[PDB]
Amino acid sequence: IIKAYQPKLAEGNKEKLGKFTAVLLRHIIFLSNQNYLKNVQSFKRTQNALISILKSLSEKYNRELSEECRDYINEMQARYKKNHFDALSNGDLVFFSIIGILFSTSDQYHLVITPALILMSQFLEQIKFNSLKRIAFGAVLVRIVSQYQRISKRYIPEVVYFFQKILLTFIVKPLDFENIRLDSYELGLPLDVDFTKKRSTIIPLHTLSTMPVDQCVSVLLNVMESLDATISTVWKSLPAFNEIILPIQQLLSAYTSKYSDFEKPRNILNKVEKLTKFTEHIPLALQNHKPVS
Amino acid sequence: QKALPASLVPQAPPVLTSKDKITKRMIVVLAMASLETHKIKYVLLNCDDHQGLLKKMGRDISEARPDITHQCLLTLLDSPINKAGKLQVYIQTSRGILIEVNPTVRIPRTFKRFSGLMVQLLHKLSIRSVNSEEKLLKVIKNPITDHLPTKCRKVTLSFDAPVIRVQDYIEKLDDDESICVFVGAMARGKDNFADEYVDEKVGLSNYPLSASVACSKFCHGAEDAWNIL
Amino acid sequence: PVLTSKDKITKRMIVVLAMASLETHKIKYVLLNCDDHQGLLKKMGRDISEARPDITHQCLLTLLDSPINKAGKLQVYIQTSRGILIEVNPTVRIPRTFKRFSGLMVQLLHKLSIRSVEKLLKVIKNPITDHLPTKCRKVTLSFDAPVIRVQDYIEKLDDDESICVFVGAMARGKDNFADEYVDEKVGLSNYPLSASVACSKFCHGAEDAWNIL
Amino acid sequence: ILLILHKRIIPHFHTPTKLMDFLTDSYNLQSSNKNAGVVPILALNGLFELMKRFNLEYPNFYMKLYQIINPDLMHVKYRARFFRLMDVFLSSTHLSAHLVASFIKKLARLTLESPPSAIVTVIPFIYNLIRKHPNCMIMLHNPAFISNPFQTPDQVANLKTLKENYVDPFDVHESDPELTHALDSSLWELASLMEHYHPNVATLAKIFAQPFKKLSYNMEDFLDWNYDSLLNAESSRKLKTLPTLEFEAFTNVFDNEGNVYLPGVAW
Amino acid sequence: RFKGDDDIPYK
RNA sequence: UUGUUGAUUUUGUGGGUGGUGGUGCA
């Protein structure tokens, strides 16, 4: 199609191929929505080619892509209003990631990242997250927002609120965390779980639509790995690190107490203790103003 | 350990004026300023630009250099102590004219515009701001003594006088008092022009100092001594 | 002994007057000035604000008349905005008037050296670093940088070391002229400083630090 | 009943003081039912009406007000009413310094785990409380810990030892705001909000670093905000511009089940 | 607001 | 497409250069 309608052939071909940068993006997201568990390897091959093409189109037609991208964001917002999480699909997770691929994630303000980040903050908080299918969605969401701020390293409160409920969800309450608002009390992990086997932390997206204990544990570890990375990158520089990690530390302490064998809560706790020891918690000084002549 | 004051917002320190005598302040007197005007339009007499004219007047053109006063004013005016509002400047012309310089003024950096301001000042006896709210440069009645603070110490810059440390000097002086320096803007001459007013003359160094350098060197001592930064 | 670029061992105070606006224009070549040549520079398309060699003359005057120059512990380098780097012999006594300073600069830029009977003023090949002492610390004057006591700064540095200060004679511009060579930028006073006052501000502390008196 | 008590019931009673037992029980209600946690908020309006008319003191009132402030408060729909009652309560002239500091410190503690709309609401609110009560300005800025260039070496050494031995004395579990020792603490949380992702919310957080030249902030301009307003604002951007793309290329976007943009997400 | 080495305006 | 001419231009997409430069040397 690009070869048949290059700019040089005739007038208006430039405007057309701009609309195909848009149409390609919808096709890329549409293909992700389609079932692909049968031919994941081939479906991987066809995808990265299409994304590579869309990257070339965006380089020349970033304007038309952004227009389609924002129209999608408006569309998904509208679908969220009426259907809540039922509107969400695997394609949305694909959409926001292609935005990360094709747009400057590390900007104070961007035409597509800012709506994408603020839109992502809503699913992290508004949604109930009462099912394993739903929790798997947030873990992918948490991953994307974290790398949206990989260089910027800006603080997202919805990221903090997310781990607190999910961490408490898999321990259901212990009667010590009343400040955390849970939405499902029936997802508590059984005590008999080993937590010593080598369980892969990767969450397939084709399974996300289809959605037992093993899957819950893998989701928990992936969320915990995101938590540990977030401590190691963002919160450590933030002046309120001690108070940020205190509710998380109490939850992590509960994880160790209930599951002594489970090592991830102990490691993250040990790193936290190291950061708190090194970080110098001094009274804040911000009103020191420059004298005027 | 202490609660902050009611209002921490920095406010501009008061602009010192001759009327106020209580506040501790820095006084620098650029004594013997060579500022003269003559109709050719009136022009500030210069050593280089005008040589035949001053020869006709019979004045030694070696003592015909107003730029020395310009640089001393420039380095003095821009000093941080002026930005802190703790320094106020007087100029005693060789003719006997006393000029009061408001700290708020911003004299031109180039000499040519500086000369234009002197001739306007000397003829009109005062200079008004662009916004027309205060008289930045005003000629005042001699002697200098009445204008100076009621309690104040007077010193001159003397090459032959004993070398002192400006910072140690200002510290050992009292607080309620003020300090006056009488700087000789002349290129070369005897240091007795302020003998009648001063009580003791101090040397800032052994090696010779330029007028601007001595003013700059001296005021740094007050800022370090007074923690003006 | 008179300090020179050839000697690198001796500790000294280097002051680099970066962004110096010295330029010669012939209608005979004369140093361009903000006030003397307004219509001509308007034709050239350059704004008259950044056409002020007076600032360099003032900074040179205070620096050369500063004590440390008399004590043989200071050398000045001037980097013209056009890209011309000038070394100043500490022994020189530059003209005190600006008009005669302009006539000296035009002679220097065209003749590339001033001889009166060791070049008093000599144009030398960039970069500055090769001429600077082998072991030396570099700093710039930045208003945004933290305010540091010039005296306390100098003592805490070593003794074999020398110190380079890069001061911008430009009327207005970003303080990144010497970012490529400098390793850290410091603030001298809490209030904004002109280039002349900063040079006067800095040199007095070294006199206190090194007891030049 | 409690919603309409202050308007349609209390004025019509001959002796409305008899309700104080009912309102005191309503104001002190603590139940495991989530829907019943909002009852003390509503009883406060009718409870406050009884005090204002007859000059009645609920034993140790401001403690219970401090207790009621909780994470559910910023998310319930009745926050505006309960914030309106705050402006009356915290405008009284006899409040102790520790009391307001505890309110500010706990509110700043909550703003960390709060939505941007709640953060946009609290930040102006904390500004007015500090402005109303300047002695609480220590919380934003403690001068003894400033490093001054003129401070002598011994002062530097004392500051270092003082810096090393400092510990945050604010107690989160203590229910007594006059004893939380919040006045001795500092609001690092607001400094944390300075790095908030949203540029506007960060700007409102940057205000504390700026001088308090403004007298007071109108709560009505900041109370009515939500996630939805932000997206509606971006859904209608007046200006459209070419976006800034990524020069860097990732071979694959998600992980497998060369370079992967999203490790841990399978394809 | 004049600052640093800025000169007064020339008309 | 040209001030009557004939593919020299015109429309769109890509796209490099200080270059009838000056001046000092052998």
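Rules behind the numbers
- Residues numbered from 1 in each chain as written, not as in the entry; some residues may be left out.
- Chains lettered and ligands numbered in written order.
- Part of a larger assembly, values for the part shown.
- Heavy atoms only, no water.
- Residues with missing side-chain atoms left out of burial classes, pairs and counts.
- UniProt positions renumbered as here; feature names shortened; annotations may be inferred.
- Contact = heavy atoms within 4.5 Å.
- Helix = DSSP H or I, 4+ residues; strand = E, 2+ residues; numbered from the N terminus.
- Nonpolar A, V, L, I, M, F, W, Y, C, P; charged D, E, K, R; others polar.
- Expected span 1.5 Å × (residues − 1).
- Bend = angle between axes of the 7 residues up to and from the residue.
- Pairing = 2+ DSSP bridges.
- Axes fitted to C-alpha atoms, helices over the stretch in contact; angles between N-to-C directions.
- Right-handed = clockwise from strand over helix to strand, strands pointing away.

The name the PDB entry assigns to chain D is Nucleolar complex protein 4, from the organism Saccharomyces cerevisiae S288C. Its PDB title, taken directly from the record, is "SSU processome maturation and disassembly, State O".

In the annotation of the PDB entry, chain C is listed under the name Ribosomal RNA small subunit methyltransferase NEP1 and assigned to Saccharomyces cerevisiae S288C. The record in UniProt for chain C states the following under Subunit: "Homodimer. Interacts with snoRNA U3. Interacts with NOP14 and MPP10. Component of the ribosomal small subunit (SSU) processome composed of at least 40 protein subunits and snoRNA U3." For chain C, the Sequence similarities comment in UniProt is given as "Belongs to the class IV-like SAM-binding methyltransferase superfamily. RNA methyltransferase NEP1 family."

To continue, consider the interface of chain A and chain D. With 27 residues of chain A at the contact, the number on the chain D side is 28 residues. Residue assignment for the side of chain A that touches chain D shows that the elements contributing at least two residues are α2 (40–83) and α3 (90–102) of chain A. In terms of residue count, the dominant contributor to the side of chain A that touches chain D is α2 of chain A (five residues). Residues belonging to the side of chain A that touches chain D are distributed by class as follows: 17 nonpolar, eight polar and two charged.

Before going further, it helps to examine α2 of chain A. Residues and elements named next belong to chain A. With 44 residues, α2 should reach 64 Å at 1.5 Å per residue; the first-to-last C-alpha distance of 29 Å falls well below that figure. Where α2 bends most, the angle comes to about 105 degrees, and this point is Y61. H84 lies just past α2 and shows a positive phi near 60 degrees.

Residues and elements named next belong to chain B. Spatial ordering of the open sheet is given by β6-β7-β5-β4-β1-β9-β8, a layout of seven strands whose pairing is mixed. Edge positions in the sheet fall to β6 (126–128) and β8 (152–156), since each has one partner strand and no second. For this sheet, the mean inter-axis angle between neighbouring strands, taken without regard to orientation, is 20 degrees.

All names here are of chain C. Pairing is mixed across the open sheet formed by seven strands, whose spatial order is β6-β5-β4-β1-β8-β7-β9. Each of the sheet's edge strands pairs with one partner strand only, and the pair in question is β6 (121–124) and β9 (184–186). For this sheet, the mean angle separating the axes of adjacent strands, direction not counted, is 25 degrees. As paired elements, strand β5 (residues 85–88) and β6 share four bridges and run antiparallel to each other. Residue pairing in the sheet places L85 in a bridge with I124 of β6.

It is worth spelling out the arrangement of the chains at this point. Of all eight pairs of chains sharing an interface, the pair with the highest contact count is chains A and D. There is no contact between chain A and chain C; across them, the least C-alpha separation is 7 Å. No interface is formed between chain D and chain E, the nearest pair of C-alpha atoms being 20 Å apart.

Let us now look at the pairing of strand β8 (residues 162–168) of chain C. Residue and element names in this part refer to chain C. Bridge analysis of strand β1 (residues 13–20) against β8 gives six bridges, and the strand direction is parallel. Paired with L17 across the two strands is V167, which belongs to β8. Of the strand pairs in this sheet, strand β7 (residues 136–141) and β8 are connected by five bridges, and their pairing is parallel. Residue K138 lies in a different strand from β8, and its bridge partner there is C164. Regarding the hand of the β-α-β motif, the stretch spanning β7, helix α6 (residues 150–156) and β8 is right-handed.

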